[PDB]
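What follows is a single structure, written as structure tokens, with notes after it.
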Amino acid sequence: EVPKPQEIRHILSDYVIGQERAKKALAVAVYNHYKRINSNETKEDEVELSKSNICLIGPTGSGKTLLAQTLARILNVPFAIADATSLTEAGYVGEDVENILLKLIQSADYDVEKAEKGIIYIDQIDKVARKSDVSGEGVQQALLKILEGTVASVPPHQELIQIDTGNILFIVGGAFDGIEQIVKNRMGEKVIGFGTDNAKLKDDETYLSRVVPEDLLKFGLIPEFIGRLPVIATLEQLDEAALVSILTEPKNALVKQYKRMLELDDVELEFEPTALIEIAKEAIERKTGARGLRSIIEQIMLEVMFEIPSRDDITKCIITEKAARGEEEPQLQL
Amino acid sequence: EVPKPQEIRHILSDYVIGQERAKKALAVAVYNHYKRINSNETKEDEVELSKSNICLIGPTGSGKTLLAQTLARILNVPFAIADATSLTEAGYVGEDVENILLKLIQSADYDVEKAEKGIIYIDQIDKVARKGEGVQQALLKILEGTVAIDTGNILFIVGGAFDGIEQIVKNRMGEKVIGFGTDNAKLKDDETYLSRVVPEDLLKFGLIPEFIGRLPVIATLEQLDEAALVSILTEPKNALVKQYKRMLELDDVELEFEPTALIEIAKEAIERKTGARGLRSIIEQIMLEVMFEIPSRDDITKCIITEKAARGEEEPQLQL
Amino acid sequence: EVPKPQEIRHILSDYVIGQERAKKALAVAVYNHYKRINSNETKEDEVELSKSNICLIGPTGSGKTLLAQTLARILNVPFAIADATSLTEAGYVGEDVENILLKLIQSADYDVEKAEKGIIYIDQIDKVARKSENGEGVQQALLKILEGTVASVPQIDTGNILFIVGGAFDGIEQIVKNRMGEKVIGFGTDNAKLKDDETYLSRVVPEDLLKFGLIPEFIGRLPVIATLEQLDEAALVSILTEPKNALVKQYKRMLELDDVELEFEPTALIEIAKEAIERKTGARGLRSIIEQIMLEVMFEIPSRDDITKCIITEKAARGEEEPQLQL
Amino acid sequence: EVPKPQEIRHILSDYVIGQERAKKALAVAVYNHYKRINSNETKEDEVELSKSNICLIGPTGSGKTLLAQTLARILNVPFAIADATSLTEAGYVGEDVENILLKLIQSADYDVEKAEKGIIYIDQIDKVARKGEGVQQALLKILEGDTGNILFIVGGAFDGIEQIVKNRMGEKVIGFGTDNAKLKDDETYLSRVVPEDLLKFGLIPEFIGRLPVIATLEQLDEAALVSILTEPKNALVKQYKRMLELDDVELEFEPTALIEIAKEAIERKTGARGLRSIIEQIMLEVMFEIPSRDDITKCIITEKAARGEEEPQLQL
Amino acid sequence: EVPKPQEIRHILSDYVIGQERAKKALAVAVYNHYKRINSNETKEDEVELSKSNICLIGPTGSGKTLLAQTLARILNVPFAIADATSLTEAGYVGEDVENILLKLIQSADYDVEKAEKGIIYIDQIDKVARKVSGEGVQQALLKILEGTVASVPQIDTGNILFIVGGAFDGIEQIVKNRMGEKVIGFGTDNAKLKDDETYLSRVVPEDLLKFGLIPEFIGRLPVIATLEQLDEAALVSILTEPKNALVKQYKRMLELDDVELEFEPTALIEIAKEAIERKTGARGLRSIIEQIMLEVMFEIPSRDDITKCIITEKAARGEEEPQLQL
Amino acid sequence: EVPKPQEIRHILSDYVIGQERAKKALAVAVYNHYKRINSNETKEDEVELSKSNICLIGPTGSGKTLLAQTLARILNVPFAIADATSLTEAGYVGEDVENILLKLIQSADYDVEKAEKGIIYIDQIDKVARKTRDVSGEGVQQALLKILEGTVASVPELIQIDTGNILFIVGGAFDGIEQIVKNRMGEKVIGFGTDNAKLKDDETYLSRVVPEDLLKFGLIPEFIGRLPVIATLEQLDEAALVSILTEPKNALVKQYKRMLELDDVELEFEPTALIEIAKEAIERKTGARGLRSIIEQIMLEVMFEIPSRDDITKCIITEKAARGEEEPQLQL
């Protein structure tokens with residue numbers, strides 16, 4: 001019955017490559033959700049169990065959408081898709097979160113326990129608190145009370161169809177671009193003088209992972225609105241072997257996409273993995289993750305894919321001297 | 001008899017350890033108001049009709065909402081809740097007053113004495129009032145009293161973690177910095193400054209004084225601290241080491257925390273300013289790899305060592 | 001006919017202690033105002049009628065809101081109390097203050113002659129009008145209330161509705177010192193006037209308000225000036241002991257609900273009056289300091305059957321134990 | 001139809017004391033404006049005529065707003081009174097000036113013929129003369145639109161005249177252009193301020209083109225405040241003595257005591273605004289006791305105008 | 001039918017005088033607009049013709065709004081007037097960027113063909129941007145300036161008579177950029193200071209870049225009409241010549257009270273000279289005449305004079321009463 | 001099956017002059033979006049491709065309206081036009097870019113397979129990029145985010161269509177870019193450094209504009225994560241401009257010809273006169289727009305006199321082109 005956090009992590013290792021910290025974070029969170037679904041509760045009465053809902057910090061290309069989609073594809077439970085900034089203004093908040101619960105209950109086929117097994121994914125979260133509007137940004141308290149409780153009622157058409165928010169997993173995600181600012185600056189780093197040189201810390205993960213709600217309070221988010229999502233997941237930073245594996249391993253492996261795209265015209269596309277390692281190095285210079293990885297891929301194959309309807313070219317090899325360097329097309333071979 | 005302020009402050013000091021000022025003031029307000037309702041409403045010989053309502057002032061993550069909630073769970077009195085941000089929106093003012101008043105009356109079982117002894121929590125006053133604001137009269141006319149039980153003898157709470165508490169008393173006492181020749185022996189950061197607070201500081205928070213006339217009781221919560229938080233982690237019924245231990249124990253493994261490591265945990269929570277909700281988050285930062293591995297572990301007693309709370313993300317030793 | 005000015009200030013002295021200047025000013029203002037209401041327009045050839053609009057100078061806590069409310073309650077006329085900052089959002093100010101004209105109207109039972117005899121009280125003009133030359137169009141909208149806003153959109157004609165506007169006016173203590181002293185650095189016998197805050201406040205000239213930042217075009221329709229007078233610790237103990245529902249009489253009645261006689265020593269009241277003038281709380285922080293005193297009394301009161309709870313100056317100034325139990 | 005400018009000025013002269021050059025200019029402007037409107041604006045070719053819009057220069061306290069009320073009460077035509085001080089924004093605030101024009105439609109009782117006959121007065125214009133000028137933008141757009149048939153008056157205080165009149169003779173530093181050149185001087189130059197001197201104050205020249213007429217108030221004086229105290233229907237001496245004479249005691253206002261009081265109002269820089277207050281600073285003692293005073297009369301003498309502190313001199 | 005630009009410019013010469021290059025340019029626009037509507041494109045298979053919307057530059061107060069109203073008069077077509085300074089902040093008041101064509105269409109009575117012959121006139125554009133001051137208007141307008149033919153973003157605005165007028169005060173700053181960047185001399189030596197009337201007619205689109213414009217926003221207004229400076233001959237031929245002659249306006253207004261105002265031609269040229277000192281356009285001409293006629297209509301209740309004479313000492317000075325004819 | 005990118009590019013070149021590498025790039029995205037509908041998936045378990053939508057950066061005047069029309073003329077495809085500034089307002093307006101998707105479902109006449117083939121043009125994307133409620137204070141920026149992330153089979157009004165089959169022509173006017181991306185090297189500004197004007201830049205930077213340069217211009221880099229296909233324009237060229245004057249069926253020399261032919265005037269254009277006009281249009285920096293400004297500056301009094309001119313034809317020599325100062329020479 002209850003899917004184990006090691007199972008969810010290992011199956012999400014087929015779909016999302018790397019990102020193990022957030023993968024353990026969601027595995028634990030939904031494991032506790034499905035414990036709190038299947039038990040009476042995973043602690044006795046007169047203890048409110050924690051909401052076990054996650055706020056995530058995610059760079060570009062870093063699979064954030066593929067993550068939340070592939071959790072619905074792995075668990076096969078109901079799923080909710082939205083973004084935070086579409087919900088920001090007053091006058092419609094308590095009406096439209098009934099439409100996302102209607103999408104949850106439709107993806108549950110109106111089941112109570114399956115809609116409790118539902119997932120809510122909200123993107124864009126770092127772009128609501130645009131400032132550090134008294135009828136403007138209304139999210140923080142309303143969505144706080146919605147996640148506290150909306151059972152059998154209109155939240156704090158379809159008045160009653162919605163389901164327990166204490167058992168749905170809420171994942172919310174955003175980019176939070178002052179990451180190397182407020183964290184390092186809490187360790188003094190912006191300063192003309194040196195703080196303490198132990199603020200080197202020698203692992204870059206220390207600058208990602210020792211985030212605290214102070215950083216989001218500097219981003220103008222209110223810490224109580226952070227507190228209702230007790231889990232903070234930081235994605236791993238991009239690296240060229242992670243890029244090679246995100247290109248080559250997963251269900252949407254872009255090399256296989258373009259390989260079968262050229263195979264629609266029965267022209268073979270070969271590759272040199274060292275070229276893929278240097279193109280991953282240029283995507284690390286692009287700072288765009290897997291989204292810019294394919295942008296460099298198409299920047300190479302543009303002319304040859306343009307001519308592939310007409311060319312008699314037997315195979316094309318994407319190689320360092322055609323991808324990472326040079327302005328000829330990928331190497332014509334037999 | 002009407003529940004005593006002392007036994008209220010006692011059982012709420014079971015739920016939230018510390019902040020005895022706020023318990024003593026709310027307990028006197030509610031005992032006085034419930035004794036006024038149990039007497040009738042208020043008596044003759046020109047005893048004017050007291051409001052006896054409280055505003056809850058203090059830093060974030062103190063369980064201050066949880067305190068009035070747990071008091072409603074102790075007294076089993078009607079509890080109402082709403083948020084004054086939509087009360088700032090016209091029309092919906094009396095509609096959210098109706099949502100408050102139906103939630104109080106159906107939780108009273110339509111009894112006029114228990115809805116007169118009702119509790120009405122209001123929240124996020126910090127999110128509207130700055131200093132205009134669309135509530136300072138349209139809610140004033142409800143707090144004086146209206147039928148739509150009449151509101152003029154229900155108990156009300158306006159709770160919130162108002163950011164004026166680091167602004168305003170830091171203006172009066174906080175600029176007493178230099179101390180060359182120590183005339184301002186009162187320059188103690190938090191401790192005298194929160195016990196300085198006067199309702200004019202609440203005018204400087206964004207109120208109007210006639211709403212202070214609706215609020216005879218203006219308690220501030222005492223400063224949160226790591227020893228009262230360590231007490232909150234284990235001693236209340238809803239304790240957090242207790243629920244995490246039961247969550248791991250239903251995964252067939254027992255969890256233990258050293259109290260030195262709990263002292264380090266609550267000291268990190270105080271330094272990172274999250275309060276009580278951040279406690280479960282720090283515990284989760286520690287327990288993440290534990291709950292992740294435990295369905296595939298043979299460990300029986302996961303003792304969290306003080307070095308694990310010193311690093312905040314380190315796994316305990318394994319014995320089997 | 002019209003309430004006489006001596007009658008006005010003598011009945012106002014039963015509700016507010018002192019303020020004899022403000023009481024004489026309001027007595028002349030109500031007298032001219034109700035003579036303008038009742039006389040059928042002052043001079044028969046349709047001259048400009050007596051404005052009688054009141055601008056008022058008075059410190060924090062000073063019962064000026066009580067003066068306006070009680071002057072309205074002794075003549076059986078409405079009041080409409082307003083806060084300048086609560087009603088100012090933009091130039092679109094009329095929609096906020098006409099709700100307070102609706103607070104006059106809802107207090108007049110919709111009648112027009114009781115709305116004319118009624119008074120609008122608008123509180124703390126000096127905090128909003130400050131010179132910040134290191135909002136004049138809302139002042140012209142408020143000037144149209146004294147020029148006379150009529151049934152049409154910015155209604156009973158507010159030129160014939162009485163009007164009070166009140167402020168603390170701190171900086172005028174310097175600008176009156178400028179006239180009185182010939183400026184504030186001062187040497188030799190400049191004390192011929194440089195000698196007390198009442199020697200300053202008794203001579204306050206309203207043009208100094210204009211130099212403090214006010215607009216003369218607005219004050220041109222405010223003939224009446226109600227200067228309040230400096231309250232003090234004996235007037236504080238009078239605010240405890242004189243008024244009919246005074247605050248310690250309310251506390252005595254609150255502990256009389258417990259059948260415990262909460263007795264107050266007047267030496268504790270004079271000690272608290274020195275502390276609230278030192279802490280600067282006006283009359284309003286007294287109530288809170290007494291609540292700081294008998295919090296623990298009410299805390300123990302379900303379980304304690306003390307006969308007299310006497311509040312004595314050792315318990316009042318230190319608060320280390322309850323006020324004394326008499327067994 | 002409408003009366004002539006001469007008699008319109010004569011009726012304006014009971015309420016507003018003096019200010020007469022501006023009274024001539026507005027009286028001919030409104031007469032031409034309502035001649036244009038009522039005689040069918042231009043029979044020949046239906047071609048345009050001027051709209052006679054007037055810009056007013058005067059001091060504070062100068063009856064400017066009383067003059068606007070007096071013209072609106074005289075000519076049986078609607079008006080709007082407005083001020084541009086807090087309308088100093090770009091974009092949206094010129095719709096709030098069109099909402100000032102909606103106050104003219106409330107005032108014109110929703111009639112198009114009275115809206116064409118409607119008069120707009122704008123006060124404190126020189127606060128925008130720092131060149132958001134979206135008030136200078138608005139009078140351009142509303143003169144075209146049939147909003148071009150409306151009559152506009154705008155008034156201001158304009159302190160910058162002193163630089164311009166000190167310029168406007170021996171303009172620069174050589175001996176040539178001397179104290180014998182371009183003979184007019186720094187006070188007829190308040191009346192003959194040319195549109196180019198309005199450009200030298202701080203105003204848009206197309207917006208200056210939107211004001212065909214320039215007019216000037218009389219800069220107030222002591223005996224002008226004595227006539228404002230005594231002559232018009234707004235005369236303070238009439239209401240102050242009549243509020244006393246309703247209690248059957250008369251206040252003899254001595255005219256040299258009114259001279260020392262108008263000296264106090266002029267010394268206070270406040271103009272006729274201060275006068276209501278100043279008489280009350282003296283008369284607070286009078287109205288305090290006059291039901292109980294059985295004096296046959298009281299009088300304000302020079303000593304009581306010099307003091308403003310004691311009771312005025314009683315007769316028994 | 002298609003009216004020729006010659007007699008269009010000749011009947012336009014009855015209400016505004018001078019500006020004749022711009023009068024030919026807008027009459028050419030009329031000719032070409034009627035030619036691209038009534039043959040709804042002239043190229044074979046009706047492939048897209050040049051739409052040639054008009055941008056008009058030169059001195060303020062020069063009658064150009066009266067030119068656009070005179071064009072609306074002469075062709076009798078739909079007319080609407082937009083303003084740049086009234087749409088800048090989007091979502092506060094920047095939403096009537098389509099309601100100007102709705103006002104044209106309501107005043108076209110929802111027509112398609114005479115609304116294609118309709119006029120969009122625009123003003124205040126030179127005062128709203130600098131290259132966000134008021135630059136938002138360029139994007140606000142450009143979506144309709146590109147011009148939907150019949151699709152709803154409906155009248156082809158590239159068949160509409162499209163005119164964008166203004167004062168454009170900064171051109172002398174450009175000629176001091178171009179000629180004035182020869183600054184000190186010391187080689188080439190300010191030789192282009194041969195002329196100064198050149199300065200407006202040598203406008204270049206990169207000047208409008210420096211004046212605050214998008215180049216596509218200049219580009220969808222390809223035809224630049226440049227005005228002519230009103231001189232004293234233009235001023236007397238606006239005072240006395242046209243249908244709207246100011247001395248005929250004041251003579252009609254005084255003649256409602258049966259007063260003729262005789263003006264001397266030496267008084268007329270002195271009014272013209274003093275208005276060229278004012279620089280206030282032809283709309284400042286009447287603003288001198290009012291300083292003279294003040295006494296006359298005010299005293300005509302008192303005086304029976306059948307006519308009154310204005311001489312140079314009433315014109316140049318304007319500080320003495322006009323001459324009686326008893 | 002669906003048209004090959006080469007024939008679309010060749011026919012799009014017979015109207016739209018220059019911009020060759022951009023025409024190749026859009027035609028490749030067209031062929032991706034067409035083939036991923038027709039050969040409806042390429043991988044196992046029917047995994048689909050990336051969004052592959054194309055973002056067009058470069059000068060104005062590059063004829064984008066003509067390609068936007070001509071692509072629907074070639075491909076027989078539903079089309080839609082969007083403006084990034086049109087739905088900028090937040091709260092209740094930013095959603096109505098869905099009315100442009102509902103306009104693409106008018107050009108399909110409600111057909112799901114044809115609006116799945118359907119194509120949406122977007123303009124003025126540069127005008128929104130702002131790196132108060134300032135940055136992304138528009139709703140439109142994050143509405144386009146959400147739909148280019150893909151909404152597959154749900155409403156956020158019938159069922160919306162996944163944008164991994166719908167192609168977006170995401171263009172803007174893009175003036176203020178070149179100096180900033182040049183500054184990526186060009187920060188050899190007052191400082192000298194690494195051979196300091198060794199660059200042969202202009203195109204060599206404008207063809208290698210990295211997404212961080214668009215972030216410097218002010219866009220969200222995650223928004224560029226939705227736009228992997230970065231298109232660079234060819235800049236304004238005079239031989240391109242005289243080919244706009246001669247090749248496409250909207251040729252402006254032919255527009256003026258057929259305009260003046262109704263007045264019994266053939267206006268003859270010399271090719272070097274078109275060269276001088278094209279050079280002055282490059283110095284006007286508007287692409288083929290200011291071309292019309294120049295030629296109508298020549299033709300102004302020529303057209304004004306034309307109803308009265310009895311001249312059968314008039315020819316424009318370079319003395320007319322480079323100076324404006326004369327009538328085109330009359331042949332009777």
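Labeling convention for the structure tokens: chains A, B, ... as they appear, residues from 1 per chain, ligands from 1 in order of appearance.
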
**Message:** as a PyMOL selection string, could you give me every residue of chain C near chain B (at most 8 Å apart, counting only C-alpha atoms)?
**Reply:** chain C and resi 85-89+245+250+253-254+257+281+285+295+298-300+302

Produce a file of the selected residues containing N, CA and C atoms, as a PDB file, in the first residue's frame.
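Listing of part-v5.pdb after writing:
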```
ATOM      1  N   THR C  85      -6.168  61.054   9.326  1.00  0.00           N
ATOM      2  CA  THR C  85      -5.389  60.034   8.596  1.00  0.00           C
ATOM      3  C   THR C  85      -6.271  58.864   8.147  1.00  0.00           C
ATOM      4  N   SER C  86      -7.275  58.492   8.956  1.00  0.00           N
ATOM      5  CA  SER C  86      -8.195  57.400   8.575  1.00  0.00           C
ATOM      6  C   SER C  86      -9.002  57.722   7.314  1.00  0.00           C
ATOM      7  N   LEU C  87      -9.308  59.002   7.101  1.00  0.00           N
ATOM      8  CA  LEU C  87     -10.155  59.401   5.976  1.00  0.00           C
ATOM      9  C   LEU C  87      -9.364  59.908   4.767  1.00  0.00           C
ATOM     10  N   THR C  88      -8.049  60.109   4.874  1.00  0.00           N
ATOM     11  CA  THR C  88      -7.257  60.574   3.717  1.00  0.00           C
ATOM     12  C   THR C  88      -6.593  59.388   3.003  1.00  0.00           C
ATOM     13  N   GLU C  89      -6.957  59.205   1.739  1.00  0.00           N
ATOM     14  CA  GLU C  89      -6.336  58.177   0.882  1.00  0.00           C
ATOM     15  C   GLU C  89      -5.708  58.741  -0.381  1.00  0.00           C
ATOM     16  N   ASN C 245     -18.232  58.323  35.410  1.00  0.00           N
ATOM     17  CA  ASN C 245     -17.727  56.969  35.095  1.00  0.00           C
ATOM     18  C   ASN C 245     -16.203  57.011  34.911  1.00  0.00           C
ATOM     19  N   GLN C 250     -14.675  52.911  37.502  1.00  0.00           N
ATOM     20  CA  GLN C 250     -14.877  51.689  36.730  1.00  0.00           C
ATOM     21  C   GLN C 250     -14.098  50.500  37.296  1.00  0.00           C
ATOM     22  N   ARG C 253     -15.877  49.415  40.445  1.00  0.00           N
ATOM     23  CA  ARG C 253     -17.061  48.640  40.030  1.00  0.00           C
ATOM     24  C   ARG C 253     -16.707  47.266  39.445  1.00  0.00           C
ATOM     25  N   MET C 254     -15.606  47.152  38.687  1.00  0.00           N
ATOM     26  CA  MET C 254     -15.197  45.831  38.162  1.00  0.00           C
ATOM     27  C   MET C 254     -14.861  44.859  39.291  1.00  0.00           C
ATOM     28  N   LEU C 257     -17.900  43.643  41.075  1.00  0.00           N
ATOM     29  CA  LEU C 257     -18.502  42.406  40.534  1.00  0.00           C
ATOM     30  C   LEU C 257     -18.032  41.165  41.296  1.00  0.00           C
ATOM     31  N   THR C 281       2.246  59.556  28.889  1.00  0.00           N
ATOM     32  CA  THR C 281       1.061  58.856  28.318  1.00  0.00           C
ATOM     33  C   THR C 281      -0.250  59.660  28.274  1.00  0.00           C
ATOM     34  N   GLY C 285      -2.916  56.626  29.198  1.00  0.00           N
ATOM     35  CA  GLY C 285      -2.084  55.538  29.773  1.00  0.00           C
ATOM     36  C   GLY C 285      -2.314  55.280  31.267  1.00  0.00           C
ATOM     37  N   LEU C 295      -4.120  43.699  37.471  1.00  0.00           N
ATOM     38  CA  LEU C 295      -4.026  42.420  36.752  1.00  0.00           C
ATOM     39  C   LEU C 295      -3.937  41.222  37.711  1.00  0.00           C
ATOM     40  N   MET C 298      -7.238  40.664  39.740  1.00  0.00           N
ATOM     41  CA  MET C 298      -8.200  39.899  38.942  1.00  0.00           C
ATOM     42  C   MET C 298      -7.728  38.473  38.690  1.00  0.00           C
ATOM     43  N   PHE C 299      -6.421  38.276  38.534  1.00  0.00           N
ATOM     44  CA  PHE C 299      -5.874  36.925  38.389  1.00  0.00           C
ATOM     45  C   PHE C 299      -6.201  36.058  39.610  1.00  0.00           C
ATOM     46  N   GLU C 300      -5.937  36.553  40.820  1.00  0.00           N
ATOM     47  CA  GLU C 300      -6.243  35.755  42.017  1.00  0.00           C
ATOM     48  C   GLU C 300      -7.713  35.823  42.464  1.00  0.00           C
ATOM     49  N   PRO C 302     -10.852  34.836  41.631  1.00  0.00           N
ATOM     50  CA  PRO C 302     -11.825  33.746  41.857  1.00  0.00           C
ATOM     51  C   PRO C 302     -11.533  32.982  43.148  1.00  0.00           C
TER      52      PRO C 302
END
```

**Prompt:** Could you write out as number ranges by chain the residues of chain C within 9 Å of chain D, counting only C-alpha atoms?
**Reply:** C: 4-6, 24-25, 27-28, 31-32, 35-36, 39, 42-43, 45-51, 91, 135-138, 140, 152-154, 206-207, 216-225

**Asked** Which residues in range 125-310 of chain F does DSSP call alpha helix (DSSP H)? List them as JSON, numbers by chain.
**Response** {"F": [140, 141, 142, 143, 144, 145, 146, 147, 148, 178, 179, 180, 181, 182, 183, 184, 185, 186, 203, 204, 205, 206, 211, 212, 213, 214, 215, 216, 217, 221, 222, 223, 224, 238, 239, 240, 241, 242, 243, 244, 252, 253, 254, 255, 256, 257, 258, 259, 260, 261, 271, 272, 273, 274, 275, 276, 277, 278, 279, 280, 281, 282, 283, 284, 288, 289, 290, 291, 292, 293, 294, 295, 296, 297, 298, 299, 300, 301, 302, 303, 304, 305]}

**Asked** How many Å separate CA of residue 242 in chain E from CA of residue 269 in chain E?
**Response** 16.1 Å

**Message:** List the spatial neighbours of residue 290 in chain E as a VMD selection string - criterion: any atom at most 8 Å away, only C-alpha atoms, same-chain residues fewer than 4 positions off excluded.
**Reply:** (chain D and resid 212 to 213) or (chain E and resid 286 294)

Selected residues written out, N, CA and C atoms, as a short mmCIF file (atom, residue, chain, number, x, y, z; two decimals), in the first residue's frame:
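Heads up, here's the output in part.cif:
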```cif
data_model
loop_
_atom_site.label_atom_id
_atom_site.label_comp_id
_atom_site.auth_asym_id
_atom_site.auth_seq_id
_atom_site.Cartn_x
_atom_site.Cartn_y
_atom_site.Cartn_z
N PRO D 212 -6.69 83.38 -24.18
CA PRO D 212 -6.74 84.65 -24.91
C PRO D 212 -6.58 85.87 -24.01
N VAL D 213 -7.19 85.87 -22.81
CA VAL D 213 -7.32 87.07 -21.97
C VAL D 213 -6.40 86.98 -20.76
N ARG E 286 -5.29 87.17 -31.61
CA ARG E 286 -6.45 87.63 -30.83
C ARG E 286 -6.06 88.05 -29.40
N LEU E 294 -10.85 95.83 -24.74
CA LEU E 294 -11.28 95.90 -23.32
C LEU E 294 -12.17 97.13 -23.02
#
```

**Request:** For each of A:319, A:142, A:61, A:225, take the minimum atom-to-atom distance to residue 295 in chain A, counting only C-alpha atoms, then give the residue where this is smallest.
**Result:**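 Smallest distance to residue 295 in chain A is found for A:61.
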
**Request:** Name the residues in contact with range 197-214 of chain F at a cut-off of 8 Å, using only C-alpha atoms, excluding same-chain residues fewer than 5 positions from it; report them as JSON, numbers by chain.
**Result:** {"A": [286, 287, 288], "F": [177, 178, 180, 181, 182, 188, 219, 220, 221, 224, 232]}

Selected residues written out with N, CA, C and O atoms, as a short mmCIF file (atom, residue, chain, number, x, y, z; two decimals), in the first residue's frame:
```cif
data_model
loop_
_atom_site.label_atom_id
_atom_site.label_comp_id
_atom_site.auth_asym_id
_atom_site.auth_seq_id
_atom_site.Cartn_x
_atom_site.Cartn_y
_atom_site.Cartn_z
N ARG A 286 26.07 28.79 -20.80
CA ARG A 286 24.77 29.43 -21.08
C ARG A 286 23.93 29.68 -19.83
O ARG A 286 23.16 30.64 -19.80
N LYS A 287 24.10 28.87 -18.78
CA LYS A 287 23.37 29.00 -17.48
C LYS A 287 21.85 28.76 -17.62
O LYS A 287 21.02 29.37 -16.95
N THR A 288 21.50 27.84 -18.52
CA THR A 288 20.09 27.58 -18.91
C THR A 288 19.62 26.16 -18.63
O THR A 288 18.49 25.79 -18.97
N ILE F 177 20.05 46.37 -27.84
CA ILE F 177 20.80 45.15 -27.51
C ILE F 177 22.27 45.25 -27.89
O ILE F 177 23.14 44.83 -27.13
N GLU F 178 22.57 45.77 -29.09
CA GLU F 178 23.87 45.50 -29.73
C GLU F 178 25.04 46.02 -28.90
O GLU F 178 26.02 45.32 -28.69
N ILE F 180 25.15 46.38 -25.69
CA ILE F 180 25.31 45.59 -24.46
C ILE F 180 26.00 44.26 -24.75
O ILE F 180 26.98 43.89 -24.10
N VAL F 181 25.53 43.54 -25.76
CA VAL F 181 26.23 42.29 -26.09
C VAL F 181 27.62 42.59 -26.65
O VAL F 181 28.59 41.88 -26.36
N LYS F 182 27.76 43.69 -27.38
CA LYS F 182 29.10 44.09 -27.75
C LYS F 182 29.93 44.30 -26.53
O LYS F 182 30.98 43.69 -26.44
N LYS F 188 36.11 46.20 -23.21
CA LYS F 188 37.39 46.85 -23.62
C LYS F 188 37.06 48.29 -24.07
O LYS F 188 37.34 48.67 -25.21
N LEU F 219 15.30 40.34 -20.05
CA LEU F 219 14.30 39.26 -20.07
C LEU F 219 14.55 38.27 -18.91
O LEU F 219 15.58 38.31 -18.25
N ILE F 220 13.58 37.41 -18.62
CA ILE F 220 13.81 36.35 -17.62
C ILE F 220 14.63 35.25 -18.30
O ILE F 220 14.20 34.76 -19.34
N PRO F 221 15.72 34.75 -17.72
CA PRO F 221 16.46 33.70 -18.42
C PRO F 221 15.68 32.39 -18.45
O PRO F 221 15.69 31.69 -19.46
N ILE F 224 13.73 32.39 -21.49
CA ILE F 224 14.54 31.88 -22.60
C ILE F 224 14.66 30.35 -22.53
O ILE F 224 14.75 29.68 -23.56
N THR F 232 18.50 34.98 -35.12
CA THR F 232 19.11 36.29 -35.37
C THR F 232 18.76 36.76 -36.78
O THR F 232 18.81 35.99 -37.74
#
```

**Asked** What is the distance, in Å and to one decimal place, between CA of residue 20 in chain A and CA of residue 238 in chain A?
**Response** 12.7 Å

**Request:** Write out as JSON, numbers by chain each polymer residue whose atoms come within 7 Å of residue 331 in chain F, counting only C-alpha atoms; drop sequence neighbours fewer than 6 positions from it.
**Result:** {"F": [311, 312, 313, 314]}
